[PDB]
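Protein chains in written order, with the entry's author numbering: chain A, 604 to 677; chain F, 60 to 601; chain H, 264 to 350; chain L, 60 to 601.
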Ligand SMILES: *C(=O)CCCC[C@@H]1SC[C@@H]2NC(=O)N[C@@H]21
Ligand SMILES: *C(=O)CCCC[C@@H]1SC[C@@H]2NC(=O)N[C@@H]21
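In structure tokens, the structure reads:
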């Protein structure tokens, strides 16, 4: 899909955005790191395009919470 | 323009376009990659240093003992291995670092005994050699355990056993932990008799002394060799015969080579020295009427891995940390299997347990590797894959980096225990050879689901960064602090630090190795080689 | 027959058996205990609502027989033994 | 005051307090109960009437044929069964109503052949007897199918086969559906040879004629009997020999008893009449060196059901209706098993598939019965129960009243197809004897999950109210109307009525029975008895 509205897998804390806001990311490319149960889980981009984050870093998310939008830049 | 090719074209394609080839290039410029490489290099250097100091000896007492051993015309245990095996051939020494810091005040090098799989006349055999320079070769509890482990491996793989005997006997200081039990000194003779009854050849070469129970080792073997000067066999030693009948006899005139080779008939071959003894051992192995191969097919048309194993450590994070980072185990698999080819079984279902097919030097192997937290779906996928490999007689390779299952009311309600049980049952009841390697951490019931020590893998090895415990160190600290209501708020950090230190100490690779919980610690870059040897050892299994 | 608690590795004992019985009040089966689930997800759950007899006998399917008390559990055990087709 | 008793006290308790006793008293005053009773009574009366008119004959042509048969000194087929079996013993006649309305213009009573399991000298045998009063005994396609089914049952239960042969041969009008195929007339000889090779005795008694292919039946049997006057065996009949060589010979001088018993050697025993032939058959059975019982244990200490089977029909609703009511199948089970005792397997998990253990005259049986729509949980429970019974060599009893699985996006996403497949695999791959009875409706893949005809049950019976179809009549009507966009709104009711009538006609018990889709139609109150006989027939299986 050209939008790629991915949801969080489980409640946890977003620790670090591995890519800056507005950066082009390929498929399967890490965009942010989610920490839960003292384990680092890394969220990957599902398609090529500019990634814009929705949730602020160093915060907390819930089950099936939207994280970022991957818009295919022309 | 649509459907122009044939799938065989993609099957036989360069590595760039072949679709079942794992592509995980090393990010050598990444600082985390460099830090991981430095950590792995330090760990592997420490491992090699420990092995080298075991081989060469460190303290002056070791030097004195080796000087006494050499002055008797005896070869050192590793030298005996070198001169017994074929001159240019691999040797899979199993428990190199057994007995390390196990008994305070004693440097029990190798556990007092060297066990390995060698090649004699092109046939793989299990060699068990006593080290007379470790407390005179007396059997510690770890020595008995290692000898039994070697016998178990040989019996389940139908490897002929060669026992190079030079041992005073069981040490009387710890006789409670050595003599009486099922898994104790008599189990050696039980295993020897049962292996001999099954047609697995048992060969004994008496390079030194064997007293009391140890005297059964030459007598219960199919063929035995005794060296003239240093070989003595008797149930009752000279001290015992003097304390009983008041007679003084030297060991040579009591149980020397002449009495046991010309009159008693206990031994079958008279050896003038160690070299002649090893020659006679090779001659005995040569006359085992064992066929070279059931199937003359070779199938050695394999391609080496497309990525260098030397950078595997770059992908391995720090297992001991407050928050442990995750990595893709496929990057490891790409550096271990033939042509970096890997047919993944359920790529989109498990997503935390990677199951697939690969080849090691042309030998087809099913690989089950951990890639995160175990779920019900991952356990079901693993069980189905294990059943699939069992129905095809495909050997299994487990790569353990596991930190338990997923907790929660929803997951228990979904039956996660039932699915974990399905995986455990599939692993336990299969008959294909299983080899497991702890690359990360093995914690709790997840270990049980991934073919741990209790589930009878043919071999089990640990990387120097691996940790094995009932639970993770951070998890143990948090759970113990939360449960212990007696603990005061002022004494929380000290308690957590103490329990973390205890778990780090008792979970280290060396702690596990010294207790025969694994079959040795190996470097990641050697992993592929080790696997190949292990697989070959299983080719003679029924 | 789960007369009491079975936690973590012990939870494999009921699940790997051919037939299993769990007692209502005192029977609990879970791989992760309430302390572990609280330390992981920050949620508080009682052992009964985590791995009690109702969840493992009506929804999970881990257990096969629902026992009201110890005596009923032993009766169900005897009934299971009675139906082994052993000559 | 707490825990005063012992569980054995509850195990040995009166029916009021014994906890594993099903308590389903009949609500005899309920109008629905009376309506159900009236429907079941009418259906059972019709069944008995059809069986009786088959036995006694209805039309005048049947009377003429029977008069011709009797005037030849021949016994009727049911009379032959009565005088061949032990005088007071059960006989399980299988396809009583085969061939009913199957071929237009022909009243193919019993399919032209009577097959059953009888008791001769205390040994259970399979008896196959041709009915010479049905088109001269010529083999219809249904006749071949029924003969093959009897041979299959006998082979899989190791029942000795007795063939009472009186048949003109395959009918040339339908030779395309009789002669050439795998499941055709030659398969009879294939089965006979293979059973003889397995040590299962094959006995042939030629009460009448056997021409062309049928002549192989006496010749391929271990022992054969031919009656003097009426017995003739030849590959080529008198018409064929006259059309070939221009010679006229009577059947007696061509293949009579004298030529085949004194010169040819095809037959082994010379019978003066039908009674002598049956005596010789009994003598042959007497000299089969078959042990009376592998284990002399009896275990006949059983209690009859605590509720009368005669009221089972009260609980059975109208299967053919716009909305079909549901009932508890346990009320049926309470009227079929010993002491109305039933140990339910997962009482709270499946909730639509009742799985449990029971006993029929002391024989332990696992019962799987439908109690609503199949779900993933019910399919998993059924598969687990079937595996449990297979590991214990416990025979399985299926009670089918099934209307497919649960539909929906959530259920497919949960893997309902996978769980149904698990159930189907467990049913298919088990080796314990399986007996299935259609008490309600068997529709679609649910039938497959409940040991249908395609999954090799030892026996399969249908109640007179049962319906079997690829889908329910109402479901078929609704789905076909919705899918068919060509159909106009003005022609909806007629189309639905037509498809409902077609499904009712082709799903009735008699339609299934005439096509050998089952092993006969039985009344509910006889069900227990039938099961017992079937179970006994499986006691000689390997
Ligand atoms: C802190 O270290 C404790 C957090 C919980 C550890 C997690 S919960 C999910 C995994 N299963 C398990 O046993 N441990 C892991
Ligand atoms: C009307 O008669 C059609 C309604 C659907 C029939 C139901 S849906 C669930 C069951 N599965 C199946 O195949 N038929 C049943």
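We put the beta carbon where it would ideally sit given N, CA and C, even for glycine.
Chain A residues whose Cβ lies nearer than 9 Å to that of residue 205 of chain F = Within chain A, no residue comes near residue 205 of chain F; the closest Cβ sits about 36 Å away, beyond 9 Å.
query = List, in order along the chain, the chain A residues whose C-beta lies closer than 7 Å to that of residue 384 of chain F?
reply = 643
query = In chain L, what lies closer than 9 Å to residue 320 of chain H by C-beta?
reply = 405, 406, 407, 408
request  = Please list, in chain order, all residues of the same chain as residue 74 of chain F whose beta carbon is under 6 Å from its beta carbon, the five residues on each side excluded.
outcome  = 80, 365
ask   = Counting by C-beta, which residues lie closer than 6 Å to a heavy atom of ligand 2, in chain order?
value = L:432, L:462, L:463, L:464, L:465, L:466, L:503, L:531, L:533, L:534, L:537
ask   = Once you ignore the five residues that flank residue 308 of chain L on each side, which residues in its own chain have a CB closer than 7 Å to its CB?
value = 297, 300
request  = Taking all protein chains shown into account, decide if residue 210 of chain L is buried (16 or more other Cβ within 10 angstroms of its Cβ) or exposed.
outcome  = buried
ask   = Is residue 640 of chain A near ligand 1, in the sense that its beta carbon is under 7 Å from a heavy atom of that ligand?
value = yes
query = Taking buried to mean at least 16 other C-beta atoms within 10 Å of its own C-beta, is residue 545 of chain L buried or exposed?
reply = exposed
ask   = Is any beta-carbon of chain F found at less than 8 Å from that of residue 265 of chain H?
value = no
request  = Please say whether residue 577 of chain L and residue 521 of chain L have beta carbons closer to each other than 8 Å?
outcome  = yes
Bounding residues of the alpha helix (DSSP H) (the contiguous stretch that carries residue 564 of chain F) = 552-566
Cβ neighbours of residue 66 of chain F in the same chain (closer than 7 Å, five flanking residues each side left out) = none
ask   = Residues of chain A with CB under 7 Å from residue 303 of chain H, in chain order?
value = 640
message = Quick test of your reading: residue 340 of chain H and residue 310 of chain H, contact by CB under 8 Å. State the CB separation rounded to the nearest angstrom.
response = Not really, about 23 Å apart at Cβ, beyond 8 Å.
ask   = Going along the chain, which residues of the region 514-546 of chain F sit with their C-beta nearer than 9 Å to a C-beta in chain A?
value = 531, 533, 534, 537
request  = List the whole-angstrom C-beta distance separating residue 609 of chain A from residue 671 of chain A, where the pair is believed to meet the contact cut-off of C-beta under 8 Å.
outcome  = 7 Å
Sequence-distant residues of the same chain with beta carbon closer than 7 Å to residue 361 of chain F, five excluded per side = 397, 418, 420, 421
request  = Quickly, what does DSSP pair residue 198 of chain L with across the bridge? List them, please.
outcome  = L:229
request  = Check whether the Cβ atoms of residue 197 of chain F and residue 227 of chain F lie closer than 8 Å to each other.
outcome  = yes
key: Short CB-CB distance (under 8 Å) between residue 62 of chain L and chain H   = yes
key: Under 8 Å (Cβ pairs) to chain H, residues found in the region 472-488 of chain F   = 472, 473, 474, 475, 476, 477, 479, 480, 483, 484
task = Flag residue 303 of chain H as yes when its Cβ comes closer than 7 Å to any non-hydrogen atom of ligand 1, and as no otherwise.
result = yes
message = I'd like to know if the region 457-466 of chain F and the region 428-438 of chain F are in contact, where contact means that at least 3 CB-CB pairs between them fall below 8 Å.
response = yes
inquiry  = Closer than 8 Å is the cut-off here; do at least three beta carbon pairs connect the region 480-498 of chain L with the region 452-460 of chain L?
reply    = yes
request  = Would you give the residue range spanned by the alpha helix (DSSP H) that residue 371 of chain F belongs to?
outcome  = 371-374
task = Starting from the beta carbon of residue 457 of chain F, find every residue of chain H whose beta carbon is closer than 9 Å, and list them in chain order.
result = Result: empty, since nearest Cβ-Cβ is about 18 Å, beyond 9 Å.
message = Nearer than 7 Å: is that true of the beta carbon of residue 295 of chain H relative to any heavy atom of ligand 1?
response = yes
query = Using the beta-carbon of each residue, which ones in chain H are nearer than 8 Å to residue 612 of chain A?
reply = Per Cβ cutoff of 8 Å: no residues; residue 612 of chain A is ~13 Å from chain H at best.
query = Of the residues F:320, F:371, F:387, F:249, which one's Cα is nearest the Cα of residue 682 of chain A?
reply = The first residue shown for chain A is 604 and the last is 677, placing residue 682 of chain A beyond what the model contains.
task = Would you please state the rounded distance, in angstroms, between the beta carbons of residue 609 of chain L and residue 254 of chain L? I believe it to be under 8 Å.
result = Only positions 60 to 601 of chain L appear in this structure, which leaves residue 609 of chain L out of reach.
query = CA-CA distance, residue 282 of chain L and residue 148 of chain L?
reply = 25 Å
message = Less than 7 Å separating the Cβ of residue 412 of chain F from some heavy atom of ligand 1?
response = no
query = What are the uninterrupted segments assigned as beta strand (DSSP E) that are 3 or more residues long and contained completely in the region 201-271 of chain F, given in chain order?
reply = 220-226, 261-270
request  = Give the C-beta separation of residue 223 of chain F and residue 139 of chain F to the nearest angstrom, bearing in mind that I take them to be a contact with Cβ-Cβ under 8 Å.
outcome  = 6 Å
query = Since residue 314 of chain H meets chain F, which of its residues come closer than 7 Å, beta carbon to beta carbon?
reply = 471
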